[PDB]
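One protein chain, two forms: both are listed below as structure tokens, the first as structure 1 and the second as structure 2.
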Structure 1
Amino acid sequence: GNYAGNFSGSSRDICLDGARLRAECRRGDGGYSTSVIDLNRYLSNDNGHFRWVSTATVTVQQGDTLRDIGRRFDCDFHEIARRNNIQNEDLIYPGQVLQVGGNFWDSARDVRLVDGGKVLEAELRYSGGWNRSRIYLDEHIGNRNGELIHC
């Protein structure tokens, strides 16, 4: 059951510039592109752990709670309230639009690449401390004719 991405096998000089991934990627025509993808768009900090959640919006329905929405979308409900400036996490409303996903960077430090560029490592804030977390970029990062892409 192969990873969907697999960028690393056709790239080199893989590096970071903030939350941005940069690589020299192999093209269809045999040449190279230098390409960048913002990992802050696709990676979230789920209370101390990298999670593949793309930046997005969800609309609250009758009967939803923040725990429910956090459950449904692999997000930490305390982050959803903080990110959406919800002072009372027990009070949300049908039709409320909430920003979810991405954003790992603003709760991360010691961000770096290990294992030849295949893995992203970082200390991620959780409620109570900092947790060293690692994620296989190849899971969802692909090279598409010289362009780093999410898939």
Structure 2
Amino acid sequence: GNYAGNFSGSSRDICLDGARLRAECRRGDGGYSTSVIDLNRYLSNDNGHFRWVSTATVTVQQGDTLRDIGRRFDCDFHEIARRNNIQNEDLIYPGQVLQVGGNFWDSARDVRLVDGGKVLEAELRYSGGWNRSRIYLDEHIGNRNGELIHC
């Protein structure tokens, strides 16, 4: 079915201010706002590929594996491991607090909007070089009463 975001139908002059997405957004009342959303909070660089992963923490439960958590959050468990300085990817412990999500900007270059502001593209660092990647921002960026929000 539809994307959940669809900000682009109700927004114009879509711009990037570094990792921050800015637009003139329509408000319920016929007026306009200028709103910004920090895309570095919502997009990860998943070994060379844009992935929607919200900056968050996850507490390990008994029986979890890094693969399962990888699957639950859609991301390379190898990077979860490095980012959280995990000595052995097969050893995690209940109550362990793992940082996940965001942070694409730190390993991106040539970042720009294409397709009338609907698509973000970048060269993203991977284990072996730089990969060109694009992501449809309407998937998860929405306009609620003139504010850009993740949904």
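So that the term is clear: the rigid core is the largest set of C-alpha atoms that superpose within 1.5 Å between two forms. Shifts are known only where both forms have a C-alpha. All residue numbers here follow the sequence of structure 1, with the first residue given the number 1.
- Core superposition between the two structures leaves every listed residue (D46, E121, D38, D64) with a C-alpha shift below 2 angstroms except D64.
- Once the cores line up, the CA of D90 ends up 2 angstroms or more apart between the two structures.
- Core-aligned Cα shift between the two structures at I80: this is 2.6 Å.
- Once the two forms are overlaid on the core, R112 shows a Cα shift of 0.3 Å between the two structures.
- By the rule of 2 Å per CA over three or more consecutive residues, the rigid core superposition between the two structures yields one shifted run, at 59-96.
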